[PDB]
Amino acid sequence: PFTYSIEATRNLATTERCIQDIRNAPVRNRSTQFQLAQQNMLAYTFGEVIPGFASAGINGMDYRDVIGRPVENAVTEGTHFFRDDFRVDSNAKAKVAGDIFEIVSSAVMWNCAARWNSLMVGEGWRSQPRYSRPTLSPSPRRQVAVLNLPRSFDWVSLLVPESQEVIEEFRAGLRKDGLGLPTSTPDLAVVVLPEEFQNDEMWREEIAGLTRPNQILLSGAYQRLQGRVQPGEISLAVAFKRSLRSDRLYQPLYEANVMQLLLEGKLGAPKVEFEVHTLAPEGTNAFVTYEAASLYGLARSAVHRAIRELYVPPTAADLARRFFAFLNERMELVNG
């Protein structure tokens, strides 16, 4: 659970355990002795807590101590089971830690859009925990899907064909000169629910916790929307980075521009909203870095920033609160 419980651990099928001994099952070319079963840890640690949507105690806990819980728990399991034999490298901890921050944050945002899509339809503003109800004119036409995007995704895949053609048009004209414009992906993407999903349930149900089934619901959500999004319906991109290093600022910042250049540039979409979330900015450097303007629109168009802001959630609750407010505000020029 969210607090290590040797009883819950004792009822774990050996293959649901958080640590995995592999001193007999060596990995190809890898010295790894014990694996961090990140999926497992998630379901153990967050089986029924979805931070921001749980106990007040939890919701306002320092968000770092929350995101860092799953690791703590697993290290305890290891020690308990293996003791001294136990050893895992910093880089495992960083790998998993960084993933968990991305997954859990998205889970929060998932629930945020549940509640949001409920109300948005003909539901109310669910009671608990208490968050300020939005003000905006409700409308089914104003629900949104929250797509935690997967490794080596291509954001362009979300778009409707007519828009994918414009682009592969463009690129072909580039390709005719030894020139490419590869597109990658943000860590997550909030889209406007395509019409024909506006009546579907799933986009309205808050989840109790990140159990395996529940994890999967989220990590796959994107598959449903591929080919169904309109250029202007990409309405928020987020990049997740637990801690910062001056060199690790550049993926979101570059892609952002590429998205702007295509969406805004070649498909006349409104300014593209792309932000970055971190729990550790290590100076001011990071902040000034993301004050950078958007490079396409520096050669008749209005100037705006590539990244709209750099955000550092204190609590899972603030994250909720922050996103509700964005939705309330951004879902305005959306005639419902």
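Between two forms, the rigid core is defined as the largest C-alpha subset superposing within 1.5 Å. Note that residue numbering begins at 1 and tracks the sequence as displayed.
Stretch 250 to 258 is the one, of 98 to 106 and 250 to 258, whose CA positions lie farther from the shown form in 5 other deposited structures of this protein once all structures are superposed by the rigid core. With each structure aligned by its rigid core, the stretch whose Cα atoms sit farther from this model in 5 other deposited structures of this protein, between 55 to 63 and 283 to 291, is 283 to 291. Modelled in this chain, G268 is likewise resolved in all the other entries of the protein that span it on both sides, not missing from even a third of them. Per the compared records, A25 is unresolved in at least a third of the other entries whose models span it. Coordinates are lacking for 1 to 3 deposited residues between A299 and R300. The stretch 157 to 165 shows the higher mean C-alpha B-factor when 233 to 241 is compared against 157 to 165 in the entry. Higher mean CA B-factor, judged across 260 to 268 and 90 to 98 from the recorded values: 260 to 268. Highest C-alpha temperature factor among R115, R212, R228, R175, as the PDB entry reports it: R175. Sort the modelled residues of the chain by CA B factor and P186 lands in the lowest third. When the CA B factors of the chain's modelled residues are split into thirds, the value for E205 lands in the middle one. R171: CA B factor in the middle third of modelled residues in this chain (values from the PDB entry). When the CA B factors of the chain's modelled residues are split into thirds, the value for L119 lands in the highest one. In this PDB entry, the Cα temperature factor of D65 sits in the middle third of its chain's modelled residues.
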